[PDB]
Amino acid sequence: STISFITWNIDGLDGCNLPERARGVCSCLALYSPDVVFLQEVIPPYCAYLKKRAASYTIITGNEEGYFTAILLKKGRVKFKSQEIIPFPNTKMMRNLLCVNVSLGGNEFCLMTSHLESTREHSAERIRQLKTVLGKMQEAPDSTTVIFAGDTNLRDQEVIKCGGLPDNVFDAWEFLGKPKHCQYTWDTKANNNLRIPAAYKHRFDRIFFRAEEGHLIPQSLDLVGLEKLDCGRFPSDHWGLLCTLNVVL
C-alpha cells in the first residue's frame, strides 16, 4: 500500500503565459500520474481548466474567489470521505488550512495543504499559522495517517522559533537524509519567472507527516516542473515536489 503525490505552488497570480503554463503543469502531472495533487495559488479560471483537464480527479478547493489551494484525488485510487477548512483568522492574504479525509483501500488518511503567509515581513503570522497546522495534525485518530504538503514560506529559523517539529511529526526531506538535489523549491538563479536579477533560494515547499511507527515510510522525493516551456519560462516560479511513500502495517 503506497501513496504518491505532487505538491506545487503553480503561480496562478502570474497572468503572463498563464494558459501555456497551466497546460505545462498538467503535462507534468500526466507524466507522473500521482494519486494526489496539492496545489497553491489556483485562481477561478485555472480551477475551471483543472475541472476539465483533471476530470479523472475529485477536486476540492480552499475558496471560490481570489486565489486559493486545491487538493486533487485520483478517482478509483482515492476514496473521498470529507473536506474541512480551518481559517487563519489573522491572515491578510486569504490563507487557510484545507484538509480532506480519504482512504486508499484499508488505510485512512488526513491530507492537508496550505499556502502560509508570504514574505519575510509576515514572519510572525506565518509562525502562528504553522502552529495551527501542527495542532491540527495532532487531532486525527492515531490509526489515521496525516500528511501535510504545501507552500510554507518557511525559513529554518522560524521552525525553531515555533518550538521545532513535535516528536511525532517528520519532514519528508529530512527523513530521506536531506538530499541536495531536491532541497530548494524556489530558486531565482535557476528559475527566471519572477525576473529577479539576483540569486536567492529557499525550501519553501515542505511535507510533514504523522504516522504510527513505520506505518508511513517516504521512498522518494524529486523536483518537478524543471523544464522551460515554448514561451521560454517555467510552469511556475516554484518547483513542484513529487513524493512516493509506502504504508507499512
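From 1 onward, residues are counted along the sequence shown. Think of the rigid core as the biggest set of C-alphas that the two forms share within 1.5 Å after superposition.
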Stretch with greater C-alpha deviation in 7 other deposited structures of this protein, 30-38 versus 52-60 (rigid core superposition) = 52-60
Say the other structures are aligned on the rigid core; which stretch then has the higher CA RMS in 7 other deposited structures of this protein, 135-143 or 154-162?
-> 154-162
Is residue 205 unresolved, in the sense of carrying no coordinates, in at least a third of the other compared entries?
-> no
Between 153-161 and 109-117 (mean CA B-factor, as deposited), the higher | 153-161
Average Cα temperature factor in the PDB entry - higher stretch of 15-23, 235-243 = 15-23
Selection from 40, 220, 61, 185 [criterion: highest C-alpha temperature factor in the record] | 220
Candidate set 189, 202, 53, 206 [ranked by C-alpha B-factor, highest] = 189
State the tercile, meaning the lowest, middle or highest third, of residue 193 with respect to the CA B-factors recorded for its chain.
-> middle
Residue 211: CA B-factor among chain residues, third -> highest
Is the Cα B-factor recorded for residue 31 in the lowest, middle or highest third of its chain?
-> highest
Going by the entry, which third of its chain does the Cα temperature factor of residue 130 land in?
-> middle
Entry-reported Cα temperature factor of residue 96, expressed as the chain third it lands in = lowest
